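Trainee: mind folding the following:
(chains A and B, ligands or ions: 2)
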Number of protein chains: 2
Amino acid sequence: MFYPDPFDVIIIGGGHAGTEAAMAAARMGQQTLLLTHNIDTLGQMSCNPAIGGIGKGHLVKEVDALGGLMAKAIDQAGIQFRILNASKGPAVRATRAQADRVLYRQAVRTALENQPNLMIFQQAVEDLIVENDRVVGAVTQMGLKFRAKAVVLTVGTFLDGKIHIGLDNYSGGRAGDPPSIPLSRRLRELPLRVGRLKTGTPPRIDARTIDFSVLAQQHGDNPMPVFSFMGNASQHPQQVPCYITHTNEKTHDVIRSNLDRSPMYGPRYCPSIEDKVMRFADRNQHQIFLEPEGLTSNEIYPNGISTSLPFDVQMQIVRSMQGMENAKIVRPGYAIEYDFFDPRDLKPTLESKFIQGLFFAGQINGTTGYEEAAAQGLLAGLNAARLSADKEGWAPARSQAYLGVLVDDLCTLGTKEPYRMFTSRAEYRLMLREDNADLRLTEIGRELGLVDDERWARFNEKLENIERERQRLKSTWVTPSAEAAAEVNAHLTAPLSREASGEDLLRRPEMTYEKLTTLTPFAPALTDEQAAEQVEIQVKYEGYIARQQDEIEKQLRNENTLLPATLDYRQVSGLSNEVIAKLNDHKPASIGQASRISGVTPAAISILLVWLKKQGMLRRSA
Amino acid sequence: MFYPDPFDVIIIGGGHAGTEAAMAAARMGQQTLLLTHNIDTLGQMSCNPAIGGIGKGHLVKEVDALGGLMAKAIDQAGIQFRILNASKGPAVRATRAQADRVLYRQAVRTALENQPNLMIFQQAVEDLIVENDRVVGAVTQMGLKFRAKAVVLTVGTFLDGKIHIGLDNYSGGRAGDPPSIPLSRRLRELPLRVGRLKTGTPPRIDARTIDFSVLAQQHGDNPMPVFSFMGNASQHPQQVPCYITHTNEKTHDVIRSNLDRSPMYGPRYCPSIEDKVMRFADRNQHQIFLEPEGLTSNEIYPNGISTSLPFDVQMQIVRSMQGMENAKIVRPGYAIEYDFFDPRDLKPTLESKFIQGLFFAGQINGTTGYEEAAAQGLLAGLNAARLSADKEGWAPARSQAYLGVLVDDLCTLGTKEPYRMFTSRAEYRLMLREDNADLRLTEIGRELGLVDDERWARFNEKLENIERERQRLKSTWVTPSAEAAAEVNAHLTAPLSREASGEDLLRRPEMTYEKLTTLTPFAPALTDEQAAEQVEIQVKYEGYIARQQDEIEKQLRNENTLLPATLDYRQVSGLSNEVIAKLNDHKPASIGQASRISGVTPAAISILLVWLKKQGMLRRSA
Ligand SMILES: Cc1cc2nc3c(=O)[nH]c(=O)nc-3n(C[C@H](O)[C@H](O)[C@H](O)COP(=O)(O)OP(=O)(O)OC[C@H]3O[C@@H](n4cnc5c(N)ncnc54)[C@H](O)[C@@H]3O)c2cc1C
Ligand SMILES: Cc1cc2nc3c(=O)[nH]c(=O)nc-3n(C[C@H](O)[C@H](O)[C@H](O)COP(=O)(O)OP(=O)(O)OC[C@H]3O[C@@H](n4cnc5c(N)ncnc54)[C@H](O)[C@@H]3O)c2cc1C
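Mentor: Numbering: from 1, shown residues only, chains lettered A, B, ... in the order given. Ligands and ions are numbered 1, 2, ... in the order given. Sure, structure below:
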């Protein structure tokens, strides 16, 4: 029954969050154990085979900078690479890759399979062990049960999910996988609140039944970009293009005629295609993408045609488009409904506020997307391994990582939509960029021992480069009567009228970095342009960064002021009943987090501070 | 409900038999449809990751010679290659390959995914449609149902299987896959007889917890062999070795002490390890192999330590061996029990004798092993596509293929062991070799259109080579007083005493082929030694082949004399009651097949022939 070796941390579920949690826990020198249903599914993509995008590439870069694997399994599995918002400011660009599925699966499995201090085990779980608000050990299906000092759950969408097609349904965790039914009941009996969500995916087409000779092609950028701060372009496999098609009035007529057979007729947008036509009935054209699932299989994923209509309607819609006159379907489209937990009963370190040692990550945190789970899993594993070693935990803030924004929003949003990350959703966009993620996370990774020697050496060299470039550009001066100033004045507007300097010379918006590096002064730029772009970003954004920094420094006291979960706001005088109910329901962790809740005003926080000072539950508030 | 396109043949289950059936049916120019649970499992190996062996390599060669895929997916996925019985006569050699699992899975999937006239579909089946002893169409789970002129079932071990560990059990098709429960009931209600069998598999070890520094290594053959008659050695990936270890008295003591916890305490041999110790208690040492599952994962398969004991005993046995003092297990060992059909109610063309159009192949035919299913599936698909096109079927005999022996034995054996192919199990070993499989099967493949142009050209060139070599060796003559005969007499015993010839010169057993080719006469051999070995085999085995040929030619009349399944042997005078019951139970297809049944004597077949002549159910018997 009892396994004769105790472990530090146990992860239940090796999906997109469990793998990151296990890697982070094992790399931090703690004995790690990973339980999963079945192997060879590690790294499986059950949806659109794409990685990154607007708001998703930032999370990938954050995971990579702190010692992740998602950004390294994609450099050897991407079949198309593009940069989004390339023409705009560097703070908003993103990198999106159409990925070969098998290469990604194998990179993930092989990287995870050779990780020291970690062991994997193929078995389901059926219950957990808890006494005195402490979780110790998990129970498998055969009868064998383990013991550990910390447990992380990364079930995802397998918590008692049903597949829905048309008006019919059947049990299933996804296309071809079984459901984890009893664990749903076992977690439900625990004092938690559980709900249900539903999302769908379109069918798959056969590439040798589509006449691509009349379909428009689309390509990526000529210089293929990279995700990780370590690899280069020599690791990418061969490239393939994508095909673009459209719909026509016959498709809309068929959808409207057969709209009766649907469970519906809901997010604030339109995920399906019948929603696309009904919400906007005047539009008569839509864009559909056809992209290959890999360079060695002829299955095409259609993007933009997701629905929940029965099979006959699916076939008619597929067969009523240009280039799809005679098409075959290998995998029908379908939706799924799964359980989740409301993210208002766990600490910002992704630990349940009621149980000691229990952690949550992945889809069960009311989110969606591959990138929205890896960061949660990595942070959960980090905190779990810190706790098992009896040291203080860690959690990022809204001003240094998109993960901090994601956690804070999931804690104090209260909406019902699946959480999708967007660039504008964060208030510190101008500094929370992609190229500087390592510059603001790898030192923390090194302090907690998540970063090995190669990354440390690379970052030290890069920082030395940046500092030397800053100093040398600060060490130049020009005058209008300078011997070489004729050409300087020639190709620069507003010619020099006083002592000039490169740090001030570049302040003009029209000038660039490489142009200034090509000059009689301002000697040739350093060979590592990856470090060179940093100085350009800093000089262009110095004013806004300074304003935001002195802004952030002011709320630090409210960030530090903690509020214990045992607090009973009914014992506070001067606060309205609605505010008391709201604060009792949310149970924030800090006064600043409470202030971010909708419905609380500065009067409420002032009265709360007065009450805290009265009860002595605060050392000081300055 | 009804799918708007009718197909020629539908295969249910894309495993090891379904893929071959689909490829054979599609390559024969018939619209083929393949239903499966889930994709990315095509080519999965759920047991010892090895291909070929004694009696299994012959089946692989037969499948390859007739247009199969198993021999082509192994040349790009094998991590170790060996020849068994290399020192013995060429009629008994075999080729065994330790295979990388992922490369095999991907080769299979990519080869199957680009097959013209074939389409794949991911869905389970829940029932079949039959009227007036005819099967037309199958019903899926969602509700969509198809129509076809022929149906082939390749379920394997998923017909309502239970996983067993120790004294506990749970439903499962295998480790990580769901069971197909309702189809078992639907097939059971049909007038068939169904039974249950059980087999097990050992656990998996982690390669980075075993001290291989004190373990013996094993190697293959430097001159690498080949499976397919098309590829070469340039397609094989990098090679890895295998590790050898043993057991000791502590393991036996632990097994004996904890023998009480076992469902048992059965084949005529010992599959498990507790059987190994109990059946032979005097032996105190056993051989265990540790082999890598691939060149990119550190999971080790242990061969020789299969059992059904609970997990604690498994861990003790693993930890009580040299080099395994501190070992980890990633996948526990387990057994499974599954349903099957008794192979006495189907024609030798793998068609049920009662239903029209229904075919059986794979594990449901009471067999085991990868190679024992591919041939069955290929022949079933061949016969199904012949039937759907309204042409006469085909079935090999015992004298031209191991498939004929396998089918004949499964029809008229009556034992209960899982059927394993062995070389000595066939009575025509001396001609049913491996190197000549194409020479006796590819012309039939071409006649039925299973062979494309490349194989046809290669075989035509090879046959031309063989014929020219035979003629040139027949066109030589030597004399004792020949000018170059001094050396001939020097290195050959019994010097020439009369007119000699190479067709007679090689008749000496000590002489070889290459030695004669490097002589004054008998000019250098042809560059294609693959054709050159054939003439050596023919000249060494001519007498035995001639004897066996004139033997086989005599039973052809009994082979041709068919016996309809509607025959009622109770209406025959002069036969004993036991013989009547036996013949009614078996219902053979031919008088020769009936004669191969145990318990019938030549008197019975003579009386049967007399009765057939009386009733006029035979044209003639000569
Ligand atoms: C029908 C469908 C629709 C989708 N729609 C969208 C969409 O609209 N938008 C979008 O962004 N993404 C969508 N997706 C993709 C989805 O977000 C991801 O595939 C996945 O849910 C995110 O990964 P995860 O780690 O959070 O969960 P998963 O990858 O589902 O985590 C499950 C993994 O953990 C293992 N596991 C789980 N529970 C246990 C347990 N108890 N014991 C042991 N092992 C366990 C499983 O074996 C598996 O390996 C969709 C997927 C499907 C199938
Ligand atoms: C526990 C265990 C023990 C084993 N022991 C041995 C042993 O002792 N000796 C040995 O030689 N081999 C052994 N094996 C290996 C086994 O013989 C092969 O893995 C396999 O059973 C033979 O392949 P098959 O094609 O006959 O069947 P399978 O590979 O089992 O065929 C199943 C395939 O068909 C599909 N399928 C099945 N039914 C349906 C359906 N209704 N609809 C759609 N798709 C369907 C499945 O999705 C799957 O792809 C063992 C395997 C296991 C798991």
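Trainee: ok, and the closest non-adjacent residue to whichever residue of chain A sits closest to ligand 2?
Mentor: For chain A and ligand 2, the shortest gap (CB to the nearest ligand atom) falls at residue A:176, measuring 8.5 Å. From N, CA and C alone the C-beta is placed, and that goes for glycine too. In this structure, residue A:176 finds its nearest non-sequential neighbour in residue B:38, 2.6 Å apart by CB to CB, 6 or more residues apart in numbering or on different chains.
Trainee: helix or strand for the one you found, which one?
Mentor: Using DSSP states H and E, residue B:38 sits in no helix or strand.
Trainee: also residue A:384?
Mentor: Residue A:384 belongs to helix A:371-388, assigned by DSSP H and E.
Trainee: tilt between the helix or strand just after that helix and helix A:371-388?
Mentor: Next along the chain after helix A:371-388, taking DSSP H and E as the criterion, comes helix A:402-411. Angle of helix A:402-411 versus helix A:371-388, following axes from the mean of the first three to the mean of the last three CA atoms, to 10 degrees, is 90 degrees.
Trainee: and helix A:402-411 with ligand 1, contact?
Mentor: No - against ligand 1, helix A:402-411 shows no contacts by CB under 6 Å from any ligand atom, the least distance being 13.2 Å.
Trainee: by contact count, what packs against the next helix or strand after that helix?
Mentor: The element immediately downstream of helix A:402-411 (helix or strand, assigned by DSSP H and E) is helix A:437-447. If you count contacts as 3 or more CB pairs under 8 Å, 6 or more residues apart in numbering or on different chains; DSSP states H and E, helix A:437-447 packs onto helix A:57-65, helix A:453-474.
Trainee: nearest to ligand 1 among these would be which one?
Mentor: helix A:57-65 (12.1 Å).
Trainee: does any part of the helix or strand following that closest one sit near chain B?
Mentor: Next helix or strand after helix A:57-65 toward the C-terminus (DSSP H and E): strand A:78-84. No - with CB under 8 Å from any CB of the partner chain as the criterion, chain B is not reached by strand A:78-84; the gap is at least 14.5 Å.
Trainee: so how far is whichever helix or strand comes after strand A:78-84 off the chain centroid?
Mentor: Going down the chain from strand A:78-84, the next helix or strand is strand A:94-99, by DSSP H and E. Offset of strand A:94-99 from its chain centre (CA atoms, centre = their mean, to the nearest Å): 14 Å.
Trainee: okay, stretch A:429-441 in PDB with CA atoms only?
Mentor: Below are the C-alpha coordinates for stretch A:429-441, written out as PDB (Å, rounded to 0.1, in the frame of the first residue of the first chain):
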ATOM      1  CA  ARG A 429       2.800  47.200 -21.000                       C
ATOM      2  CA  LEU A 430       5.600  49.800 -21.700                       C
ATOM      3  CA  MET A 431       8.000  47.800 -19.500                       C
ATOM      4  CA  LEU A 432       6.500  44.300 -19.600                       C
ATOM      5  CA  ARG A 433       8.000  43.600 -23.000                       C
ATOM      6  CA  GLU A 434       9.300  40.300 -24.500                       C
ATOM      7  CA  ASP A 435      13.000  41.100 -25.200                       C
ATOM      8  CA  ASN A 436      13.600  42.100 -21.600                       C
ATOM      9  CA  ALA A 437      11.900  39.200 -19.800                       C
ATOM     10  CA  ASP A 438      15.200  37.600 -18.900                       C
ATOM     11  CA  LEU A 439      16.600  40.900 -17.700                       C
ATOM     12  CA  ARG A 440      13.800  41.000 -15.100                       C
ATOM     13  CA  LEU A 441      13.400  37.300 -14.200                       C
END
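Trainee: re earlier: is it true that the residue nearest to residue A:176 touches residue A:173?
Mentor: No - taking contacts as CB atoms under 8 Å, residue B:38 lies outside contact range of residue A:173: 11.3 Å.
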